[PDB]
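K.L.:
Once you've had a glance at the structure underneath, I'll fire off some questions.
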Amino acid sequence: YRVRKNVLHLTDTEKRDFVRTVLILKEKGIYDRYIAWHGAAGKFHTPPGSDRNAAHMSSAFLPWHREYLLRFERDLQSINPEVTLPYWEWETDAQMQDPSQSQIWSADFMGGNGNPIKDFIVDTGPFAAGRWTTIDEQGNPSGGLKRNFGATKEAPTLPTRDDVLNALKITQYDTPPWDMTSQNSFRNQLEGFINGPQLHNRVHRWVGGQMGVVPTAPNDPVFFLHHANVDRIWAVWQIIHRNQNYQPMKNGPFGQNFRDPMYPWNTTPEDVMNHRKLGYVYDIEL
Amino acid sequence: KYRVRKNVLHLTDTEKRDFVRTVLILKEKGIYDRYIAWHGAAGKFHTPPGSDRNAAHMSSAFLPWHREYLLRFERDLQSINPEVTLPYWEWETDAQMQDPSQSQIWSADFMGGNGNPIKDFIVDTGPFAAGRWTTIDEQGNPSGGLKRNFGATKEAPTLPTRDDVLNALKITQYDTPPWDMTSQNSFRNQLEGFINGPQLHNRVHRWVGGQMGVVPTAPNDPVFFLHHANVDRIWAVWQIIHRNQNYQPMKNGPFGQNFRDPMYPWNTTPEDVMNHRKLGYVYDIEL
Ligand SMILES: [Zn+2]
Ligand SMILES: [Zn+2]
Ligand SMILES: [Zn+2]
Ligand SMILES: [Zn+2]
Ligand SMILES: [Zn+2]
Ligand SMILES: [Zn+2]
């Protein structure tokens, strides 16, 4: 099936085609759908007055994003059928002396860190301001992609391989009360609220700029590379604990159970439980 | 072309009780709120960004979008009770009344009455009265109870008429460029209510007041759906009268406004809902 590859193993040509396909999606008005859907789920609380939302801080975090990526990728392939979504393996970059030296940040791919004299506006790469129009929380143009690697003092480093390995050991998908306080929960740990920010959250913070905030995060195309890695880690977790399943199955908040629709779609967690049936694998499976 | 949408005033007592019962179950289950959020979400999705248009309002997709919105809503009613369809509030008939607050739509067995002035204009009668029903703000958080204040503004002290509707139906083009509020000689713009407005659809929102008066919160009032069934019926009428005209723009409009563009927040295109009969429903008038 479709193979999702480590960013570091992409050809320069596979690289160029992905960037180019993302630019075509932006130009068409399609990319903005993804920014919007994500901000909208972020405001949709399950139940209202609570601190879970459709896409974060609860059991749906993982399948929600798997669905998001699947949809994103099909759109990619409507433009170019040879393109799949790659993943950013940040736990290896965390190894590098200077993470900000990773080739993912090359001018030919995601482009670079922000310019501190311009308020951390990004001015190298295909998504530099003037080449890529971002949208503020309201749905209007915002003036340009920003990034500020490792500057947030609580998230100065990327997650390590050991962080990923320790998460892979948790036997449970998730526990009550199915939120950011869930303990011994693979979901809450991979998401990063288990004494973090760690893993998923930590990467967001580390990148800074739009990636640092929920409502604006997907303005940075690297959002999708980050999330493919989270999805990958979940896929590996499911392979290991083959007899473990999504929790909760029932009785949890509406929108959070195995067969509830995940706003803003009708897709349920159960629809996306098996990634191979969605048509794709990660190169490591292989 | 079998499921039948009936005029509110033509519903039996059984029908009214069962429609209200279904809406209350939708709410409890958590499904109704998906509808409030969708509408809000679309209100903020500008086509294109910066523009005055959005996915659901002030442009060509206004009609198809709310048609798709209602269809999804109906499907969910029917998953609670397959006998239940979405009725329409024929407001142009209520507009004749000396006091429209006395329509049966506003009865305690159906939509409940007007806001209570003594108490910040909160609805205190009907199944949707404060304490019986909880509203939700633009932010996605609990916002107290329902509010209405009929005709409390000078921009819209009255409900559109029969003549207003008739004027709209005469119009030849579904819509005209630039496919926004400034469109002229356009059925869509006129119906939505921006031509020498606020009139028709907009006017009605303003007439009711409370949450119905502002885009992001309007669907907290279940009357929002009765009103839009009426808007959709008028469109369905216009499509028959003008059997030689189609939707606009077919192409080269902003993305999300064209005939085969997906309508955020769904993948549904205007084309998908152009013929309401093929969607499995008619209005009691199309007999
Ligand atoms: Zn939480
Ligand atoms: Zn997110
Ligand atoms: Zn995220
Ligand atoms: Zn509007
Ligand atoms: Zn509306
Ligand atoms: Zn409306």
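Protein sequence lines, in the order shown, are assigned to chains A and B. Counting from 1, position 123 in the first sequence corresponds to residue 127 in the entry's author numbering; the numbering is continuous, with no gaps. Counting from 1, position 241 in the second sequence corresponds to residue 244 in the entry's author numbering; the numbering is continuous, with no gaps. Beta carbons are placed, not taken as given, at the ideal position from N, Cα and C, and that holds for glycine.
Determine the burial state of A/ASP264: buried for a count of at least 16 other Cβ atoms within 10 Å of its Cβ, exposed for fewer.
P.N.:
Here residue 264 of chain A corresponds to residue number 260 of the first sequence, with the count starting at 1. A/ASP264 is buried by the Cβ-count criterion.
K.L.:
Scan the segment 25-48 of chain A for residues whose Cβ lies nearer than 8 Å to a Cβ of chain B and list them as they occur along the chain.
P.N.:
Taking 8 Å as the Cβ-Cβ cut-off against chain B, the residues of the segment 25-48 of chain A that qualify are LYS32, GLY33, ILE34, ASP36, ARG37, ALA40, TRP41, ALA44, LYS47 and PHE48.
K.L.:
Should the segment 222-232 of chain B be regarded as contacting the segment 30-50 of chain B, the criterion being three or more beta carbon pairs within less than 8 Å?
P.N.:
Counting Cβ pairs under 8 Å, three or more are found: they touch.
K.L.:
Which bits of chain A does B/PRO219 rub up against, with CB to CB less than 7 Å?
P.N.:
In the second sequence, counting from the first residue as 1, residue 219 of chain B sits at position 216. Neighbours of B/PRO219 on chain A: none; closest Cβ ~11 Å, over 7 Å.
K.L.:
Taking Cβ to Cβ, would you say B/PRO103 is nearer than 7 Å to B/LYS9?
P.N.:
Translated into positions along the second sequence, residue 103 of chain B becomes position 100. Translated into positions along the second sequence, residue 9 of chain B becomes position 6. It is not a contact, given that the beta carbons lie outside the stated cut-off.
K.L.:
When we look at the beta-carbon of B/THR138 and count the other beta-carbons within 10 Å, is it buried (16 or more) or exposed?
P.N.:
Indexing the second sequence from 1 puts residue 138 of chain B at position 135. The residue is buried, with at least 16 neighbouring Cβ atoms inside 10 Å.
K.L.:
When you compare the CB of B/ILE139 with every CB in chain A, is at least one pair closer than 7 Å?
P.N.:
Indexing the second sequence from 1 puts residue 139 of chain B at position 136. Cβ-Cβ to chain A under 7 Å: yes for B/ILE139.
K.L.:
Which whole-angstrom value describes the C-beta separation of B/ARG151 and B/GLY212, a residue pair presumed to lie in contact below a C-beta threshold of 8 Å?
P.N.:
As a working mapping, residue 151 of chain B is identified with position 148 in the second sequence. As a working mapping, residue 212 of chain B is identified with position 209 in the second sequence. Indeed they touch by this definition, with Cβ atoms about 5 Å apart.
K.L.:
Mind pulling the chain A residues with CB within less than 8 Å of B/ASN144?
P.N.:
For this step, residue 144 of chain B is matched to residue 141 along the second sequence. Those are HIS49, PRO52 and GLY53, listed as they occur along chain A.
K.L.:
In terms of residue numbering, what span does the beta strand (DSSP E) encompassing A/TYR286 cover?
P.N.:
Numbered from 1 along the first sequence, position 282 holds the residue referred to as residue 286 of chain A. Where A/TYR286 is concerned, the enclosing beta strand (DSSP E) stretches over 284-286.
K.L.:
Looking only at its own chain, which residues have a Cβ that is under 7 Å from the Cβ of residue 292 of chain B, when we skip the five neighbours before and after it?
P.N.:
What the structure shows of chain B is the stretch from 4 to 290, and residue 292 of chain B is not part of that stretch, so it cannot be assessed.
K.L.:
When you compare each of A/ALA155, A/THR161, A/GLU158 and A/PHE131 to A/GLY147 by their alpha carbons, which one comes out closest?
P.N.:
One-based indexing of the first sequence puts residue 147 of chain A at position 143. The residue with the shortest Cα to Cα distance from A/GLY147 is A/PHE131.
K.L.:
For chain A, find out if any of its Cβ atoms is closer than 7 Å to the Cβ of B/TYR267; answer yes or no.
P.N.:
Residue mapping note: residue 267 of chain B aligns to position 264 of the second sequence, counting from 1. With 7 Å as the cut-off, B/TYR267 counts as an interface residue toward chain A.
K.L.:
Which of the three DSSP states is assigned to B/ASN152 in this structure?
P.N.:
The residue labelled residue 152 of chain B in the question sits at position 149 within the second sequence. The answer is coil: DSSP assigns B/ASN152 none of H, G, I, E or B.
K.L.:
Name the DSSP beta bridge partners of B/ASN10, please?
P.N.:
Position 7 of the second sequence, counting from 1, holds the residue named residue 10 of chain B. Answer by DSSP bridge pairing, in chain order: B/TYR91.
K.L.:
Relative to the C-alpha of A/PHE113, which residue among A/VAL226, A/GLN242, A/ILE243 and A/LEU172 is closest?
P.N.:
In the first sequence, counting from the first residue as 1, residue 113 of chain A sits at position 109. The shortest C-alpha separation from A/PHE113 is found at A/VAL226.
K.L.:
Quick one: is A/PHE258 near chain B, going by C-beta distance under 7 Å?
P.N.:
As a first step, residue 258 of chain A must be located in the first sequence, where it is residue number 254. True, the Cβ-Cβ gap to chain B drops below 7 Å.
K.L.:
Can you list every residue whose CB sits closer than 6 Å to some heavy atom of ligand 4, going in chain order?
P.N.:
Cβ atoms closer than 6 Å to ligand 4 belong to B/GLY46, B/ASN57, B/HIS60, B/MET61 and B/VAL218.
K.L.:
Taking C-alpha atoms, which residue in A/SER62, A/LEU12, A/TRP68 and A/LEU73 lies nearest to A/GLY283?
P.N.:
Numbered from its first residue, the first sequence carries residue 283 of chain A at position 279. For A/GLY283, the nearest C-alpha among the options comes from A/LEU73.
K.L.:
Do you know offhand how far B/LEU290's Cα is from A/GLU86's?
P.N.:
Residue 290 of chain B sits at position 287 when you count from the first residue of the second sequence. Residue 86 of chain A sits at position 82 when you count from the first residue of the first sequence. Using only the alpha carbons, I get a separation of about 52 Å.
K.L.:
Helix or strand or just coil, what does DSSP make of A/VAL217?
P.N.:
Position 213 of the first sequence holds residue 217 of chain A. Residue state, collapsed to three classes: coil.
K.L.:
With H, G and I counted as helix, E and B as strand and the rest as coil, what does DSSP make of A/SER104?
P.N.:
Taking the first residue of the first sequence as 1, we reach residue 104 of chain A at position 100. Note: A/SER104 maps to helix in three-state DSSP.
K.L.:
At what residues does the alpha helix (DSSP H) containing B/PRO67 begin and finish?
P.N.:
Counting from 1 along the second sequence, the entry for residue 67 of chain B is found at position 64. Run containing B/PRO67: 65-83, per the alpha helix (DSSP H) assignment.
K.L.:
From the DSSP output, which residues share a beta bridge with B/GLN176?
P.N.:
Counted from its first residue, the second sequence places residue 176 of chain B at position 173. DSSP output for B/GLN176 lists B/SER189 as bridge partner(s).
K.L.:
Considering just the uninterrupted stretch of the alpha helix (DSSP H) at B/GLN242, what are its terminal residues?
P.N.:
Locating residue 242 of chain B in the second sequence gives position 239, counting from the first residue. Note, B/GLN242: alpha helix (DSSP H), 226-244.
K.L.:
Taking only three categories from DSSP, how would you classify A/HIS208?
P.N.:
Locating residue 208 of chain A in the first sequence gives position 204, where the first residue counts as 1. Of the three classes helix, strand and coil, the one that applies to A/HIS208 here is helix, per DSSP.
K.L.:
On a CA-only basis, which of A/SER110, A/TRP68 and A/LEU149 is nearest A/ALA44? Give me that one, please.
P.N.:
Counting from one through the first sequence, the residue named residue 44 of chain A turns up at place 40. Considering only alpha carbons, the answer is A/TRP68.
K.L.:
Inspect the CB distances between the segment 157-166 of chain A and the segment 229-237 of chain A and report whether three or more fall short of 8 Å.
P.N.:
Short answer: they don't touch.
K.L.:
How would you label B/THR161, buried or exposed, when you count the other beta carbons within 10 angstroms and need 16 or more for buried?
P.N.:
If you number the second sequence from 1, residue 161 of chain B lands on position 158. B/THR161 should be labelled exposed.
K.L.:
Take the Cβ of B/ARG165 as the centre, count every other Cβ of all protein chains shown within 10 Å, and call the residue buried at 16 or more, exposed below.
P.N.:
In the second sequence, counting from the first residue as 1, residue 165 of chain B sits at position 162. Exposed, since its Cβ has fewer than 16 Cβ neighbours within 10 Å.
K.L.:
If we ignore side chains and look at the alpha-carbon of each, how far apart do A/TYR267 and A/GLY259 end up?
P.N.:
As a working mapping, residue 267 of chain A is identified with position 263 in the first sequence. As a working mapping, residue 259 of chain A is identified with position 255 in the first sequence. Each residue's alpha carbon lies about 7 Å from the other.
K.L.:
Output the distance between the C-alpha atoms of A/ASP183 and A/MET61, rounded to the nearest integer angstrom.
P.N.:
Working through the first sequence from its first residue, we reach residue 183 of chain A at position 179. Working through the first sequence from its first residue, we reach residue 61 of chain A at position 57. Computed Cα separation, rounded: 5 Å.
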